[PDB]
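Same chain, two forms, each on its own as structure tokens: structure 1, then structure 2.
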Structure 1
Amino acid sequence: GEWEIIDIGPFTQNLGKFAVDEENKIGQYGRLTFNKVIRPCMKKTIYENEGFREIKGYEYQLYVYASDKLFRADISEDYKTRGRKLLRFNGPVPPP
């Protein structure tokens, strides 16, 4: 990536709420209620594959409690748009 680790705070909490909202609209886990994003959060750079811009955006991988169950989520954010995508959402997973 390479992955590094960010600490938690308003930025991570915002990502976690995004992930829950987006998974709720998919339906496969039913309606989930956001609780908390815990450590470890980590981040990596997404590079473009061509063109004049170097960096496409960033990927974040989160451990998010929702409805008192722990899930892992991957979210991308676009450099140009600061637009977010939920790439992946899985669980329950064991805690870190």
Structure 2
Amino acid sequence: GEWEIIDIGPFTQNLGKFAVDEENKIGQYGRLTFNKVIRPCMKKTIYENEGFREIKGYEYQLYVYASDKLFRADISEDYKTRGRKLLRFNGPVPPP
């Protein structure tokens, strides 16, 4: 797929909240509090294995502050189902 840098407006902040809420169901870090998503935010547009530029879905790479610690979260979104999944959540990591 292609990658681009995207804004950290409300839509991006809500991806961060999604990531923290999903990580809180897992419980690996205990109960995290969402603060904010920071730059840079990277979005991948994913195409079907067949055709040219048939959009399957999206992936996001976020830097998210939760409980005052910086994490990396990877999120997938399927175009047809509108379903979001937390793929990975790791850290704490140093600031970019």
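Only the largest set of C-alpha atoms that superpose within 1.5 Å between the two forms is called the rigid core. Structure 1's sequence is the ruler for residue numbers, which start at 1.
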Practice item. State which of the options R53, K69, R39, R31 undergoes a Cα shift of 2 Å or more between the two structures, taking the core as fixed. Key: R53
Review point. What is the Cα shift of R82 between the two structures once the core is superposed, in angstrom?
Key: 1.2
Check your understanding: Once you lay the two forms on top of each other by their rigid core, how far has the C-alpha of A19 moved between the two structures, in Å?
Key -> 0.2
